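The chain below stands alone, shown as structure tokens; this is the form deposited without its partner chain.
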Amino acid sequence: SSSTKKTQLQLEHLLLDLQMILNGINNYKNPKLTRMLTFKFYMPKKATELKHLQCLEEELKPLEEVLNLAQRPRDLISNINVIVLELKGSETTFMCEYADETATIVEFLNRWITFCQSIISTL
């Protein structure tokens, strides 16, 4: 249907934005890179369903913060939040469970990229 296709395009969009941020990291210089890798992100214990996207939404602020230091990020992140809101909706009440171990921005982006590919595959 067109409802599922709309969802699929939204996920492809979110995945692409995440991948673009990740690719940007390849160009950051050394002093800069080292500092940024010590900024920690919180990871979802389980992220296999759209509702789990709240675990990404709550981490968008810290994401914006680090992206501003390493440089518009305000616009990009806002756009990602819009996609996330569209995908999980605001009707479902789910509370995010985070793992104990925090992670670098690289692992954080990789995990959400995998999440996006995982949902896309089930469609």
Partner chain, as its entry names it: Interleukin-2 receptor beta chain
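Just so we're on the same page, rigid core means the largest C-alpha set that superposes within 1.5 Å between forms. Numbering follows the first chain given and starts at 1. Shifts are known only where both forms have a C-alpha.
Same protein, other form: the form deposited with its partner chain bound, not shown, and the subject of what follows.
Its partner chain is not shown here, but in the bound PDB entry it comes within 4.5 Å of a heavy atom of residue 75. At the 4.5 Å threshold, heavy atoms of residue 83 reach its partner chain in the bound PDB entry. Contact annotation for 94-118: no residue has a non-hydrogen atom within 4.5 angstroms of its partner chain in the bound PDB entry. Superposition of the core reveals a Cα shift of 2 Å or more for residue 30 between this form and the one not shown. Relative to the shown form, the Cα atoms of residue 24 and residue 30 move together by 3 Å or more in the bound PDB entry. In the bound PDB entry, the separation between the C-alpha atoms of residue 80 and residue 30 shrinks by 3 Å or more relative to the displayed form.
Once both forms are overlaid on their core, the sole residue range between this form and the one not shown with Cα shifts reaching 2 Å in three or more consecutive positions is 26-31.
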